[PDB]
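Here is the structure we will look at.
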Amino acid sequence: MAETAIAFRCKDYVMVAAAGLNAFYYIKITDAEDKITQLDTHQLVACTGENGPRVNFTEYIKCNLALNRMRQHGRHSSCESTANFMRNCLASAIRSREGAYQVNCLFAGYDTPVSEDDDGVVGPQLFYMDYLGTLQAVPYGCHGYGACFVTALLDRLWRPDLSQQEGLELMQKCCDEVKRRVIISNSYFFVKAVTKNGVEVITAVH
Amino acid sequence: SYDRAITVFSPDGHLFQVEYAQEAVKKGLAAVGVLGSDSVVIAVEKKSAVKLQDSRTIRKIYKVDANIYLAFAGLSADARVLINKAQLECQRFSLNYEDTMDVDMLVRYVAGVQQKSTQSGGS
Amino acid sequence: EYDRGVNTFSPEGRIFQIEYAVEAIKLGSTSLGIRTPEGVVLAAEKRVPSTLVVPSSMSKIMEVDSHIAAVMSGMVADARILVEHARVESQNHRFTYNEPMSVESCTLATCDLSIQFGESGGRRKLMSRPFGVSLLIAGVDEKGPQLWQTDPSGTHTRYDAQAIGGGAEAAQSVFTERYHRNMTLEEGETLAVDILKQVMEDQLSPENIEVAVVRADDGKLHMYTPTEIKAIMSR
Amino acid sequence: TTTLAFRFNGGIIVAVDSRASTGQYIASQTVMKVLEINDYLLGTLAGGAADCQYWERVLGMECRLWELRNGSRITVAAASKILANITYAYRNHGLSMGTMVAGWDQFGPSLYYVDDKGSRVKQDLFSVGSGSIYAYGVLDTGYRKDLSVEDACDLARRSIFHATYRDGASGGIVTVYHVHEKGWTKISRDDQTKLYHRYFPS
Amino acid sequence: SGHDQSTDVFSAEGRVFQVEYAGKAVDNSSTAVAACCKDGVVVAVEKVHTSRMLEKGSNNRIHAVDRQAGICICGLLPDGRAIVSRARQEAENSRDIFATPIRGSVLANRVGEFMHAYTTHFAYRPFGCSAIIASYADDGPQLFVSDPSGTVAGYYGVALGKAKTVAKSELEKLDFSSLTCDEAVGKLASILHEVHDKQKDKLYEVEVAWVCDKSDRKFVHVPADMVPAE
Amino acid sequence: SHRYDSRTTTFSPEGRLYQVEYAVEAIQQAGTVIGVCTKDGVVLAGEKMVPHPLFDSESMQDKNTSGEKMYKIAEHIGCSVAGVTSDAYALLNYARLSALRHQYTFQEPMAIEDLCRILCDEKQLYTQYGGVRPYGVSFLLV
Amino acid sequence: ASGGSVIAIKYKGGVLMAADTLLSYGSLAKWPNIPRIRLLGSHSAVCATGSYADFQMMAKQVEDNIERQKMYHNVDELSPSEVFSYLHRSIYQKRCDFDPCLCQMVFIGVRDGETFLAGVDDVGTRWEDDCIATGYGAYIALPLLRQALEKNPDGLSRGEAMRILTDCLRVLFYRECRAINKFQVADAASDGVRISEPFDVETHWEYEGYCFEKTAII
Amino acid sequence: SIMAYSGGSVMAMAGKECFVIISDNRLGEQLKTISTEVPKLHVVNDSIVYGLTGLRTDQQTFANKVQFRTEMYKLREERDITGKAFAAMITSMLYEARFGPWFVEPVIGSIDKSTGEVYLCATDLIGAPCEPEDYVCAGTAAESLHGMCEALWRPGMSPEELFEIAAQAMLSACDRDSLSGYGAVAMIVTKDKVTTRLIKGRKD
Amino acid sequence: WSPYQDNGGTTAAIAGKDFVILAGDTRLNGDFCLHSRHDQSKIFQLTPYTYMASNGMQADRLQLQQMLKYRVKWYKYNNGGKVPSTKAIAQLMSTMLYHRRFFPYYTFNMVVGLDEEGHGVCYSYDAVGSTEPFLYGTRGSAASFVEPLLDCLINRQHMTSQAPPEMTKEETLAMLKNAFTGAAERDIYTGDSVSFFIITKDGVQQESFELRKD
Amino acid sequence: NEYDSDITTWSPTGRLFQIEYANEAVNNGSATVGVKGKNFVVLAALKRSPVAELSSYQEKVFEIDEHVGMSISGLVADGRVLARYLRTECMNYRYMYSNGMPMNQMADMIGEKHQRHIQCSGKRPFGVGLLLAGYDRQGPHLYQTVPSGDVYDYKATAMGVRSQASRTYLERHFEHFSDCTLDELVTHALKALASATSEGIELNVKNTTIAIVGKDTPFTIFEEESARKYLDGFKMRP
Ligand SMILES: Cc1ccc2nc(C(=O)NC3CCCC3)cc(Nc3ccccc3)c2c1
């Protein structure tokens, strides 16, 4: 909630960005900590929360996806399947003894035909995930204090057919707005993108 | 539950169940592994082309992990169970230590599982 | 055969499974152990199944701790369980008492694990059979160099010079002579090498056997390399 | 309690004070806040002293078991992962421990911070404890990667001293360790008041 | 064949042969006698010693179960000790859950039920001993016998062991209505001495216990200087 | 007692499991069913027992879930059985449960190979553990 | 049901332990004819301040242990020190299970000459001394008992101990709200422990400063 | 509270041989609208349509459980589940977690394809059923929905008239509710056909 | 009802060159009364060369003493009659104190004894077992009154004078007697008599020192 | 024989052959002798002699408590298990009552423990016999336990290989053991142990252990160094 995560999906890509803040009660431990975990070749999650639960949840999900790929002879899972698996994990956590994962997720991915018989999703996919186990497909989503600040901004400026460069400029505007309006210092924003070629780490926007 | 001693010693110091499992291995498809300067080659017998099998290819060499591959001789279903155990062990290792399991670590785990199969009651 | 149970007694009073597991030891490779005031020496015959085997992958001598080594004879697959248990117990002793664990205590823990076999499930899952392994644990502690021997019956015995495996009786016959209380470490090493020579069907080479030494003055375990074994032979 | 550790071209520098204050009263002035996990890994004491001591002893036992089973030394990434997993298992049990794992494995130097809630972060510079707010001010201002071993040790010693001078819960003897490829060496152990007289003569 | 290897198997004629073998083991044990004297119960057993260096009182076969109840063992002594432990558990359960001493008939029924449960399962074998329960509870003096088969029977006078028939015949000569414990102790000791063969059991001792009004209804051993010399 | 234990999950001097072979022999006497996998569908054709004149048809609605020889595991999965039919019903229920559990977890249809694998581990488990007889049934999955 | 204070003092030849025969239910003096001193074994006695149900259960558990051990095995009866050790361990085990025996017990015993006197709390604290007191006897009677002990360190005779014990009982009746003038004294000596019949002490209420006019608030 | 965290409202109304079930589109976090295109209706079969209201994660988990149960029922029992049996199954599922309750509140409408009888149900979070013959409604705008349905509903409505009444009631109830709105989605289920419609609403 | 109770009292240890001086005040008190003036349960002998001293709850330290004694006896059984060393007992005490971390003993303990070379060593612990070695140490109610005094006379800090020679048994005993005498005149929960244990290689000797009774 | 393969099988003559086989196992162990005096109990154990250079050590005599010890004969692992159980029970008793367990109660507990393993199908009898030497308020005690579960209270006894000679020797001097001093008791036990050795072996410190328990003497084991006082001067005079 202190750290703001942004994501928006366009015609040919999904761009996500995650603040790199890590703090101890008022002290900035570091400002460059990547909170975007790549799950599959064309899948990633931007997670907001404290380091422990976030890392444990992302590593659990990634390891389970890898194990499924091993036991299914390298068959990559669709974005909806992975999103539902994460949602089931989060929902099961909230009724367990160890408690709920205090992690808010923006899950981004690109679906490609696994074989010639495939007839599923082909475009990009974006999912908003609450820590309680909420899952919703959205054109754009945000978490953290600046989230609302970005959301209206996106409602003002987002278009379905934005190009990569114009999307980069839009993400730069969103990060600038978060830096401008949030008292919590989010100096660096760790932007990544998912396209048909996989995951790219974008350094221009930060 | 059923935990009768199945693998027991014989009056000549032999474990008959282990010898019979080895004999079952002796009737399996052949497999060879060769170690090179920068490559490891695994070849398996690939029983035959029945003309009735699926046109889609299926591998008889199994990917336990991104760096570790396995081939077997013997009973196919027991081999599949062992391979599933090895894959789960690799994932648990890479989840408890953040590092990928070495080949020797996984081999030791598999050998330990096979050993425990020879000393557990009812199995 | 399942005519008799695993807990049955022979009319002579011996447990059938334990006596059958003892005969499995004599079908294994030969292992040695020499205790001297300068230290304790472990020697073992590798007996690799082929020349393509990496000889280091069939280590007959395993390190329980920096001051305790163990050499096995019989079924090497079962010996791994015993050595892992000994390592865990030694690490627990170091954790709890902040001191190296004694050789006798390590052997006690190994035999405590070994004895837990049977068939009655009840509350605890027991082993369906005893271990087909005889262990030879060497070390250096506050009582100097100590050598102990472990049986499948779970009975530990402190020894001065013990040999297990196929060439056991011949090694003991050599032990009756040519051995005293105060041999030097080099003399013990040469004795072990000669005894391996006398009970080996194959020819002795630096890579054909495995030699380890725990020194009294150093207090640490030292695995010998093939060049060191050749240096021992060249004497 | 003030502890710091930073990574530079030449390895890792760890520095600690030696004060334990049970609230208002000074319990001891000789506490060892650097916990020598092995001859190649170092740990730090902060928070509940008993928790840190017990769990880093557990970590050292697991590292030794790893070495015995596998025949090779454990990596710092795996060693820090063991402590982080243990701590995360006990995140609802009220543990109080903030440690740093610093080591030189086959991939060069590496430093991790592990809190009492399972967090495990990997950066080039950390300060832990109630005096960290004073160390960072002296540490962030003079830190640079191309520091000499003597210069890095001086910077760490000066930062710990400046932490002990203003923080009432920090003090005692400033101790400085250096972790290099061959392991670690206890670089220095200097009294804090003598450090004041050395840094501010006359 | 295989019809006599476990207790969970009936024979073709409706018999459980393992229980009969346990009873045969009981029948090869040392002789014991007991008498209910309308004012108390007196039990007397013979202990055969295989060594002359045994301390006096070794291998006690009579054990107090409660204040007023005791059990004599005829057969395998360790099995009798297990049965005595079960009887002691039964007696203290009554004193703790129901705040009353256990009645002799109730204790005998509990002992019989405990002994019978080992004759119905394949994983256990029947006890190789018979239990003589002597009680002086609120239901008066009581003398019961529990068979390895688990059946219990009340007696005025009873004999068990190798020299059973002759001891029973000697017991048939008593009145049991005018008989008192003071003379019953001597009568039982004399019967045991007379019926015992002196050329096969060289070392023998007579162990006598009783619970009547003279001991405040407490099951104790006799004073040492009360049984006859021989 | 251990005397009457048949030792189903034990090896023989030839490394062969006699219970598995006897189950295979049992399946040999079951009705024949043939599967043909084409490019536009898969066909299952099986011989059912001669209809007695007093046989009655269960007046089930939705006459596409289970027949006398052929059953539906999921909307995208079907199967045919050969062998002990009563053993086949339990495994069919297990397969349906596994497919619906996979749909619960991932909200996608289970892969045919995955379902085939998951119910094969069930059959394998009874040949190594438990000390009971294995399932005497063969499945043709489509 | 709760019991009042218990006091005990060692004299030259044995131990004396006094307690009132009253169980109260809050401020209600519910039962004035309760024998609170219970005999354990053939050598010891116990009396508890506080909950009477917990004391009943603990005394039953302790007495069953002695008799069963003596009866089941041909062994000597437990010494008073051993009985008190078992009692203390049982009380502490109850405390560690968060089901404490909410009593403060005074324990006396004599065997073959050696005298034992001890006290134990509901939480596991145990101690031994020449004078023990629980409840308000710890604040009221105990200073007087200690003074009487220290005025003659060679040892108190039975009459001297009884006199100071009755004085302490009189003061307790004066100053303790939940008390009655009816007490029992158990005497542990070489032959065994003997509980006396209930008795009362003589009181004084005729001080000249106690009159109506001097105490009046006009 | 937890039931109003996600917002949302559902209402079912009974026609003659038909029923109209309508849900709002808003999904939010206690004030903030996460999405405006999240209907809460679920189709079990050609005869039963039910909606869930409450915590959104609980809505999704309970919907997955119900889908599992209905698919297993249709596999075991070679037939479509009926409305009354489906409502009873939901009641049992909700009462199993009586002390760990799910935070949903279902609204079930069903019709007999052969008879035409209409069955409505609306249980509590622990499964306490409620089967009237006019209408059921759950959600944050439950009071306003009840008022509008009480004021507008009549017994013998046609599918079109019933749909208009339901749409008007839903929109007017969402206007007075801050946690519901953004249009509506309606399903008219008759004996012969099923129609799905999306109804204009305020963007507030 | 609370499962904890503080019985007061204070202990103090000073480690010499070839000896250890352990000391504990013999006074057990309850809520507001005084249970005994001759309580000797504070100091417990584990081995002929190792002692433990506990402050706080009396029942908790009795239980801890029993656990330590039986662990030491098990160690002796499992090591061929070899008695555990002082450092081994210190580590065992730390481990067992931490094992009850969630229901801690209400004890503050010190383990004292001789090293392998014979030189005396002291160990101090918190409630949950945080061990720390030192040459002296005071625990209990009067620790804050006597620990700074031991700091001034032993470390000799802020003194522009040559350090006096290292103290013998007699001077250390006299210093500790002064410390307890000063503590008993200002702390209300300590002081009826002090038990001193002087631990050397030639056995251990015991001494009793009189204090005020108010 | 078709009635000896199981423990829960009664012989048609009323015998349990598995327990008899366990007794045979006990009869093949190293010889040991127990002697009880008026205040002391002395155990003598015959350990393996070295083969002219090779001294093997195996622990047969165990210390159970301050007042109790025992000597095993037969299966060493069973003896170790019984020693662990007895030590645990002694520690439990001394914790509850702050005193040592009485010897009669201890013997009853060992008997019950032995009986617990002779009636269940999934159990086997302990192939070891024990000689318990202790002291309590009732004076010296000397017990012998067998795999069947019987516990014998003995003035003096022996068990192991060729122990009939030791027993028949002790049957001539046992009635005087109530008057012999500690040294005389040790000499009697040593003579009994020497009566059980082979022809060409004489008792000496290298192959004999001496355990002593008394009224003011905690159970003390005597081996190579400490046994010089009792074995250096000792020879069997026929
Ligand atoms: C990386 C880091 C940076 C600053 C840290 N600062 C404090 C700390 O106590 N700061 C004081 C309070 C606010 C200002 C002064 C504590 C930390 N870790 C920690 C220590 C012990 C237990 C658990 C965690 C830190 C870790």
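Letters for chains follow the order of the structure tokens (A, B, ...), residue numbers begin at 1 for each chain, and ligand numbers begin at 1 in the order shown.
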
Handout entry: Within 7 Å of ligand 1 (only C-alpha atoms and all ligand atoms), residues as a ChimeraX atom specification
Key = /A:24-27,29 /D:46-48,96-98,113,115-116,126-133

Practice task
Find the spatial neighbours of region 18-30 of chain B, counting only C-alpha atoms, within a cut-off of 8 Å - ignore same-chain residues fewer than 4 positions away - and output them as a list in words.
Solution key: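 The residues that qualify are residues 7, 14, 44, 45, 46, 47, 73, 74, 75 and 118 of chain B; 11, 12, 13, 14, 15 and 16 of chain F.
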
Dump as a PDB file, in the first residue's frame, selection limited to N, CA and C atoms:
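Final output, out-v1.pdb:
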ATOM      1  N   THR B   7      10.459 -57.088   2.187  1.00  0.00           N
ATOM      2  CA  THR B   7      11.868 -57.304   1.878  1.00  0.00           C
ATOM      3  C   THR B   7      12.554 -57.827   3.134  1.00  0.00           C
ATOM      4  N   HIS B  14      20.993 -62.773   1.267  1.00  0.00           N
ATOM      5  CA  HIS B  14      20.480 -62.104   0.082  1.00  0.00           C
ATOM      6  C   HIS B  14      19.087 -61.553   0.351  1.00  0.00           C
ATOM      7  N   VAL B  44      18.137 -44.391 -25.525  1.00  0.00           N
ATOM      8  CA  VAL B  44      17.218 -45.404 -25.028  1.00  0.00           C
ATOM      9  C   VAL B  44      16.672 -46.200 -26.208  1.00  0.00           C
ATOM     10  N   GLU B  45      16.140 -47.382 -25.883  1.00  0.00           N
ATOM     11  CA  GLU B  45      15.843 -48.401 -26.883  1.00  0.00           C
ATOM     12  C   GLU B  45      14.623 -48.067 -27.733  1.00  0.00           C
ATOM     13  N   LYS B  46      13.656 -47.319 -27.202  1.00  0.00           N
ATOM     14  CA  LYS B  46      12.534 -46.821 -28.001  1.00  0.00           C
ATOM     15  C   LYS B  46      11.850 -47.970 -28.751  1.00  0.00           C
ATOM     16  N   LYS B  47      11.182 -48.816 -27.961  1.00  0.00           N
ATOM     17  CA  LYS B  47      10.880 -50.209 -28.284  1.00  0.00           C
ATOM     18  C   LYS B  47      10.635 -50.496 -29.761  1.00  0.00           C
ATOM     19  N   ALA B  73      15.162 -48.127 -16.933  1.00  0.00           N
ATOM     20  CA  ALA B  73      14.950 -49.493 -17.389  1.00  0.00           C
ATOM     21  C   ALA B  73      14.202 -50.247 -16.300  1.00  0.00           C
ATOM     22  N   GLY B  74      13.126 -50.930 -16.684  1.00  0.00           N
ATOM     23  CA  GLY B  74      12.323 -51.668 -15.730  1.00  0.00           C
ATOM     24  C   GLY B  74      10.835 -51.447 -15.898  1.00  0.00           C
ATOM     25  N   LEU B  75      10.121 -51.301 -14.784  1.00  0.00           N
ATOM     26  CA  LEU B  75       8.679 -51.089 -14.822  1.00  0.00           C
ATOM     27  C   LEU B  75       8.373 -49.619 -15.085  1.00  0.00           C
ATOM     28  N   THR B 118      13.162 -50.501  -0.135  1.00  0.00           N
ATOM     29  CA  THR B 118      13.611 -51.843   0.206  1.00  0.00           C
ATOM     30  C   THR B 118      13.642 -52.096   1.709  1.00  0.00           C
TER      31      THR B 118
ATOM     32  N   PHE F  11       7.308 -59.309  -5.380  1.00  0.00           N
ATOM     33  CA  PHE F  11       7.954 -59.775  -6.597  1.00  0.00           C
ATOM     34  C   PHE F  11       8.108 -61.290  -6.585  1.00  0.00           C
ATOM     35  N   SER F  12       8.164 -61.862  -7.774  1.00  0.00           N
ATOM     36  CA  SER F  12       8.388 -63.279  -7.997  1.00  0.00           C
ATOM     37  C   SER F  12       9.806 -63.509  -8.498  1.00  0.00           C
ATOM     38  N   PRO F  13      10.275 -64.763  -8.512  1.00  0.00           N
ATOM     39  CA  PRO F  13      11.653 -65.030  -8.962  1.00  0.00           C
ATOM     40  C   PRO F  13      11.984 -64.517 -10.358  1.00  0.00           C
ATOM     41  N   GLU F  14      10.995 -64.153 -11.173  1.00  0.00           N
ATOM     42  CA  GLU F  14      11.247 -63.617 -12.505  1.00  0.00           C
ATOM     43  C   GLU F  14      11.064 -62.103 -12.565  1.00  0.00           C
ATOM     44  N   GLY F  15      10.871 -61.454 -11.419  1.00  0.00           N
ATOM     45  CA  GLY F  15      10.630 -60.027 -11.408  1.00  0.00           C
ATOM     46  C   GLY F  15       9.251 -59.613 -11.863  1.00  0.00           C
ATOM     47  N   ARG F  16       8.325 -60.556 -11.983  1.00  0.00           N
ATOM     48  CA  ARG F  16       6.979 -60.295 -12.468  1.00  0.00           C
ATOM     49  C   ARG F  16       5.979 -60.380 -11.322  1.00  0.00           C
TER      50      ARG F  16
END

Practice task
Using only C-alpha atoms, determine which residues lie at most 9 Å from residue 169 (chain I), disregarding the query and same-chain residues fewer than 5 positions distant; provide the list as an MDAnalysis selection string.
Solution key: chainID I and resid 16 19:21 174 198

Exercise for the section: Could you please write out, as a PyMOL selection string, every residue of region 18-168 of chain I that DSSP assigns to helix (DSSP H, G or I)? Expected result: chain I and resi 58-78+86-99+143-155

Exercise for the section: For residue 170 (chain J), work out the shell of residues within 10 Å, counting only C-alpha atoms and skipping chain neighbours fewer than 5 positions away, then give it as an MDAnalysis selection string. Expected result: (chainID E and resid 53) or (chainID J and resid 33:35 155:158 164:165 175 177 188:189 191:193 195)

Handout entry: Exercise: residue 3 (chain A) partners within 6 Å, only C-alpha atoms, chain neighbours under 2 positions left out, as a PyMOL selection string
Key = chain A and resi 1+19+144

Contacts between chain F and chain J, please, where a residue of chain J counts if it comes within 12 Å (with only C-alpha atoms); show its shortest atom pair and distance in Å to one decimal, rows by chain and ascending number, as JSON lines.
{"residue": "J:5", "atom": "CA", "partner": "F:3", "partner_atom": "CA", "distance": 11.1}
{"residue": "J:6", "atom": "CA", "partner": "F:2", "partner_atom": "CA", "distance": 10.6}
{"residue": "J:8", "atom": "CA", "partner": "F:1", "partner_atom": "CA", "distance": 10.8}
{"residue": "J:9", "atom": "CA", "partner": "F:1", "partner_atom": "CA", "distance": 11.7}
{"residue": "J:121", "atom": "CA", "partner": "F:1", "partner_atom": "CA", "distance": 9.3}
{"residue": "J:122", "atom": "CA", "partner": "F:2", "partner_atom": "CA", "distance": 10.8}

Can you spit out the residues from that selection as a PDB file, in the first residue's frame, using C-alpha atoms?
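See selection.pdb below for the written result:
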ATOM      1  CA  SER J   5       7.788 -70.187  15.004  1.00  0.00           C
ATOM      2  CA  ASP J   6       5.531 -67.740  16.880  1.00  0.00           C
ATOM      3  CA  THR J   8       1.535 -66.394  20.563  1.00  0.00           C
ATOM      4  CA  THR J   9       1.507 -70.158  19.907  1.00  0.00           C
ATOM      5  CA  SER J 121       2.214 -61.117  18.100  1.00  0.00           C
ATOM      6  CA  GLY J 122       4.389 -58.231  16.919  1.00  0.00           C
TER       7      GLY J 122
END

How close does each residue of chain G get to chain E, giving the shortest atom pair and distance in Å to one decimal for every residue with an atom at most 12 Å away, counting only C-alpha atoms, sorted by chain and residue number, as JSON lines?
{"residue": "G:57", "atom": "CA", "partner": "E:96", "partner_atom": "CA", "distance": 10.5}
{"residue": "G:60", "atom": "CA", "partner": "E:96", "partner_atom": "CA", "distance": 8.8}
{"residue": "G:61", "atom": "CA", "partner": "E:96", "partner_atom": "CA", "distance": 9.5}
{"residue": "G:63", "atom": "CA", "partner": "E:96", "partner_atom": "CA", "distance": 11.6}
{"residue": "G:64", "atom": "CA", "partner": "E:92", "partner_atom": "CA", "distance": 8.7}
{"residue": "G:65", "atom": "CA", "partner": "E:92", "partner_atom": "CA", "distance": 10.9}
{"residue": "G:67", "atom": "CA", "partner": "E:67", "partner_atom": "CA", "distance": 9.3}
{"residue": "G:68", "atom": "CA", "partner": "E:66", "partner_atom": "CA", "distance": 8.5}
{"residue": "G:69", "atom": "CA", "partner": "E:64", "partner_atom": "CA", "distance": 11.4}
{"residue": "G:70", "atom": "CA", "partner": "E:64", "partner_atom": "CA", "distance": 10.5}
{"residue": "G:71", "atom": "CA", "partner": "E:64", "partner_atom": "CA", "distance": 6.7}
{"residue": "G:72", "atom": "CA", "partner": "E:64", "partner_atom": "CA", "distance": 6.7}
{"residue": "G:73", "atom": "CA", "partner": "E:63", "partner_atom": "CA", "distance": 8.9}
{"residue": "G:74", "atom": "CA", "partner": "E:63", "partner_atom": "CA", "distance": 10.0}

Could you please take those selected residues and save N, CA and C atoms as an mmCIF file, in the first residue's frame?
data_model
loop_
_atom_site.group_PDB
_atom_site.id
_atom_site.type_symbol
_atom_site.label_atom_id
_atom_site.label_comp_id
_atom_site.auth_asym_id
_atom_site.auth_seq_id
_atom_site.Cartn_x
_atom_site.Cartn_y
_atom_site.Cartn_z
ATOM 1 N N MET G 57 -9.219 -33.248 46.161
ATOM 2 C CA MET G 57 -8.700 -34.050 45.058
ATOM 3 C C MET G 57 -7.219 -34.352 45.241
ATOM 4 N N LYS G 60 -6.733 -36.915 48.047
ATOM 5 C CA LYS G 60 -7.086 -38.250 47.574
ATOM 6 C C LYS G 60 -5.987 -38.823 46.689
ATOM 7 N N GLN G 61 -5.453 -38.005 45.778
ATOM 8 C CA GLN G 61 -4.392 -38.472 44.893
ATOM 9 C C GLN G 61 -3.144 -38.859 45.678
ATOM 10 N N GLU G 63 -2.951 -39.743 48.977
ATOM 11 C CA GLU G 63 -3.205 -40.894 49.836
ATOM 12 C C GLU G 63 -3.312 -42.187 49.040
ATOM 13 N N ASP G 64 -3.881 -42.134 47.833
ATOM 14 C CA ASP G 64 -3.906 -43.321 46.986
ATOM 15 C C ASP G 64 -2.499 -43.762 46.605
ATOM 16 N N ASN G 65 -1.607 -42.806 46.341
ATOM 17 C CA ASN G 65 -0.244 -43.141 45.942
ATOM 18 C C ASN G 65 0.517 -43.864 47.047
ATOM 19 N N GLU G 67 -0.717 -45.648 49.766
ATOM 20 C CA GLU G 67 -1.273 -46.952 50.108
ATOM 21 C C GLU G 67 -1.035 -47.966 48.999
ATOM 22 N N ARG G 68 -1.208 -47.551 47.743
ATOM 23 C CA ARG G 68 -1.010 -48.474 46.630
ATOM 24 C C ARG G 68 0.447 -48.901 46.516
ATOM 25 N N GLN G 69 1.381 -47.965 46.706
ATOM 26 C CA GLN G 69 2.795 -48.325 46.671
ATOM 27 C C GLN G 69 3.154 -49.269 47.810
ATOM 28 N N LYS G 70 2.631 -49.011 49.011
ATOM 29 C CA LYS G 70 2.906 -49.902 50.132
ATOM 30 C C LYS G 70 2.306 -51.287 49.915
ATOM 31 N N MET G 71 1.122 -51.357 49.307
ATOM 32 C CA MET G 71 0.394 -52.609 49.140
ATOM 33 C C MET G 71 0.880 -53.429 47.951
ATOM 34 N N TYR G 72 1.169 -52.779 46.823
ATOM 35 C CA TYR G 72 1.506 -53.514 45.608
ATOM 36 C C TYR G 72 2.900 -54.127 45.683
ATOM 37 N N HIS G 73 3.840 -53.447 46.329
ATOM 38 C CA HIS G 73 5.208 -53.924 46.444
ATOM 39 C C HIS G 73 5.610 -54.029 47.908
ATOM 40 N N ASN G 74 6.472 -55.002 48.201
ATOM 41 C CA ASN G 74 6.962 -55.223 49.561
ATOM 42 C C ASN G 74 8.047 -54.189 49.846
#

Exercise for the section: Write out as number ranges by chain which residues come within 12 Å of residue 55 (chain E) when counting only C-alpha atoms, dropping same-chain ones fewer than 5 positions away. Expected result: E: 49, 60, 205; J: 35-37, 140-144, 151-157, 174-175, 178

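Of note, CA of residue 164 (chain D) and CA of residue 2 (chain D) are spaced 7.4 Å apart.
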
Problem - Contact residues (chain F, partner chain H, 9 Å, only C-alpha atoms) as a VMD selection string - result: chain F and resid 60 to 66 72 to 74 93 96 to 97 100 to 101 103 to 105 107

Practice task
Enter the distance from CA of residue 87 (chain I) to CA of residue 97 (chain C), in Å, rounded to one decimal.
Solution key: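 Spanning CA of residue 87 (chain I) to CA of residue 97 (chain C) is a straight-line distance of 7.5 Å.
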
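Reported to one decimal place, the separation of CA of residue 73 (chain I) from CA of residue 47 (chain I) is 9.7 Å.
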
Handout entry: Neighbour list for residue 10 (chain I) as an MDAnalysis selection string, cut-off 10 Å, only C-alpha atoms, skip fewer than 4 positions in-chain
Key = chainID I and resid 23:27 42 53:56 138:143 180 183:184 189:191 194

Exercise for the section: Counting only C-alpha atoms, collect the residues of chain F whose closest atom lies at most 12 Å from chain B, and write them out as a PyMOL selection string. Expected result: chain F and resi 1-3+5-17+35-39+113+117-132

Each residue of chain D with at least one atom at most 10 Å from chain C should appear once, together with its nearest atom pair and the corresponding distance in Å (one decimal); atoms considered: only C-alpha atoms; ordering: chain, then increasing residue number; output as a Markdown table.
| residue | atom | partner | partner_atom | distance |
| --- | --- | --- | --- | --- |
| D:54 | CA | C:95 | CA | 9.3 |
| D:57 | CA | C:95 | CA | 7.0 |
| D:58 | CA | C:95 | CA | 7.5 |
| D:60 | CA | C:95 | CA | 9.0 |
| D:61 | CA | C:91 | CA | 6.3 |
| D:62 | CA | C:91 | CA | 8.6 |
| D:64 | CA | C:91 | CA | 7.9 |
| D:65 | CA | C:87 | CA | 7.4 |
| D:68 | CA | C:63 | CA | 7.2 |
| D:69 | CA | C:84 | CA | 7.8 |
| D:71 | CA | C:63 | CA | 9.7 |
